[PDB]
Amino acid sequence: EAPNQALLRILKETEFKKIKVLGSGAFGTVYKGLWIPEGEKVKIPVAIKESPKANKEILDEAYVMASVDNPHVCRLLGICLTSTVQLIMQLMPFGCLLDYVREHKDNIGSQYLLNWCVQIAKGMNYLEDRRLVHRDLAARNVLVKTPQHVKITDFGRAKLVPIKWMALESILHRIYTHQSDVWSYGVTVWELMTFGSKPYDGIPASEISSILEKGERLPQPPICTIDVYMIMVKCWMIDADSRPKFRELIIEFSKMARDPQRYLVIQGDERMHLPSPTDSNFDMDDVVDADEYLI
Ligand SMILES: Cc1cc(Nc2cc(NC(=O)c3c(Cl)cccc3Cl)ccn2)nc(N[C@@H](C)CO)n1
């Protein structure tokens, strides 16, 4: 296909300062930091992600992340070439959407939930245009820049095992398509609508494939109207080509986001509010968010 003319930016270790540790998982460590390029008078808040095999895996992710550019996808700002290479990306100050829905349940209204669905579908449809199959879309892999702006991340599995988020063809035949990402999208929506419930909780992964073959699906979340659950059910159909396209998901959730109380029934949804760029939210003097630092 077309040549990938994306720029791989190499950043000097001296150009950024690590503030604290955000977390540690089954990969390494995520740090919070500040990238202060050369003599540019800017401070960009960043996240820093840190044997030969380990470096191959991380450089494969750098490649995918450097090749995307969308408001609803996390892009690579650059890499740092230390003993083990570090991925430098935009700091998403509110962490992952999964923990966010769990921690802020009492202030999350229908407007926020339906807008997140549109934004996730937008990022996903962009990955589809760029011919990338995510293979790991889940609420844990959606980051929160602000409560009103979310982005898809974790390109470690992205191609040109999370059993409970996979399409039955993926579990059984290792078949991955944009239509199998649509299944993962349905599960992600379910995670949001339940305010972060674990899908098929208590059920071991070995039984999932068989549960799906019989025709069992995730239950209707209490806040979901038949209109919203119908969309989730459509994402979990056996015939992959029967599932909605992401471009249809943008349309469907957009219509709903225009009249959110008609599609999600939440007690107190209206008098609920989350941090906006009015006070608190944000030396703070020369800090510029990566979305405004264009080069
Ligand atoms: C308050 C806060 C902010 C933030 N921001 C952040 C996190 C990123 N995390 C990841 O990119 C990440 C994900 Cl979402 C999955 C697997 C590995 C990584 Cl490094 C990237 C950018 N900003 N992350 C966290 N906790 C991380 C451990 C979750 O990953 N907490």
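Remember, it's 1-based here, ligands and their atoms both numbered in the order they're listed. For the single chain, residues carry numbers from 1 onward in sequence order. Excluded from the calculations below are hydrogen atoms, water molecules and symmetry mates; all remaining heavy atoms, backbone and side chain alike, are included.
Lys145 forms no cation-pi arrangement with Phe94, by the criterion of a distance under 6.0 Å to the ring centre and an angle within 45° of the ring axis.
Pairs passing the side-chain hydrogen bond (donor to acceptor under 3.5 Å, both in side chains) check and including a residue from residues 164-174, sequence neighbours excluded, read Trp165-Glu191, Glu169-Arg243. Pairs of residues two or more places apart, or lying in two chains, never qualify as side-chain hydrogen bond (donor to acceptor under 3.5 Å, both in side chains) while including a residue from residues 97-109.
Under a 4.0 Å N-O distance rule, the pair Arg75/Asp69 qualifies as a salt bridge.
Applying the side-chain contact (heavy atoms from CB on, under 4.5 Å) rule to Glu38 yields the partners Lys12, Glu15; only residues at least two apart in sequence or on another chain are considered.
Within 4.0 Å of ligand 1, counting heavy atoms only, the contacting residues are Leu22, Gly23, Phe27, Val30, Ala47, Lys49, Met89, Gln90, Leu91, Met92, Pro93, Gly95, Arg140, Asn141, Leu143, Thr153.
Relative orientation of the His273 and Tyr112 rings is tilted, given thresholds of 30° and 60° on the angle between their planes.
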